Each structure stands twice: as C-alpha cells, then as structure tokens.
Amino acid sequence: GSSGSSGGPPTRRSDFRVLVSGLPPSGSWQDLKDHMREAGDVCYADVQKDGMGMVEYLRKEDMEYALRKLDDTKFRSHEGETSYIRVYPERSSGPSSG
C-alpha cells in the first residue's frame, strides 16, 4: 500500500471514522495514524492545520474502540512536541428517521 495521485478527491474508503482535534503545530498524519491505528487498520489518514485530523477504519468496533480507548490522548509530533487530541465520531444533522 502506498497510494499516490494528483487529483486525490474527497473519497471515503470507509464510513466509520474518527475526528481528531487539538493536534500540535508539528503534528503529522503519519505519527497520528500509527497512533490512531491503536484500534485496527487505518485506510484513511489526513491532517490539516490548526490542529485537526481524520482517520477511517475498516471495522466499526475499531472506531468506537479507538474513540473510547483513545478518547483524548497525548499525541507526540515529529518535533517531539505533544498535544491533547480528542477522539470523537462525525455528526451533522442526523437522519434519525426517513
């Protein structure tokens, strides 16, 4: 596995993901993943400025697992620095009932 394309659209290899916020200024997705992976296998791993991140699992449990297990952890950046990143699901006007 490597993946490498110019385009790189907003694809969702999975549905069960975990929103990470409160990342360091040096924090990366690599280390982040290696961390988030705590759950299971990460098919998606991205990080943005400010201090946010995103990881997608192949299993639901993994999500909840890492969600709780991790639920706010001490992430170490590639610069040694650290920061408290929370692990929570993604919400946005749920359907509830069609």
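- Header annotation of the entry names solution NMR as the structure determination method.

1. Focus on the side chain of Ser77
Then, in step 1: Mapped onto the elements, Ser77 comes out in the loop between β4 (73–76) and β5 (82–88).
Then, in step 2: Of note is the side chain of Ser77, whose polar atom sits 3.1 Å from the backbone nitrogen of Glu79.
Then, in step 3: When neighbours within four sequence positions are excluded, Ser77 is seen to be in contact with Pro24, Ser26, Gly27 and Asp31.

2. Thoughts on helix α1 (residues 29–36)
Then, in step 1: Taken together, the buried positions of α1 are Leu32, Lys33 and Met36. On an axial view of α1, the arc spanned by its buried residues comes to 100 degrees, and they lie on one face.
Then, in step 2: Those residues of α1 that are buried lie in contact with β1 (17–21), β2 (42–48), β3 (52–57), α2 (60–70), β4 and β5.

How each quantity is defined
- Residues numbered from 1 in each chain as written, not as in the entry; some residues may be left out.
- Heavy atoms only, no water.
- Helix = DSSP H or I, 4+ residues; strand = E, 2+ residues; numbered from the N terminus.
- Polar contact = N/O pair within 3.5 Å; in protein donor to acceptor, adjacent residues only side chain to side chain.
- Contact = heavy atoms within 4.5 Å.
- Buried < 20%, exposed > 50% of the residue type's maximum accessible area, 1.4 Å probe, protein only.
- Arc of directions from axis to C-beta.

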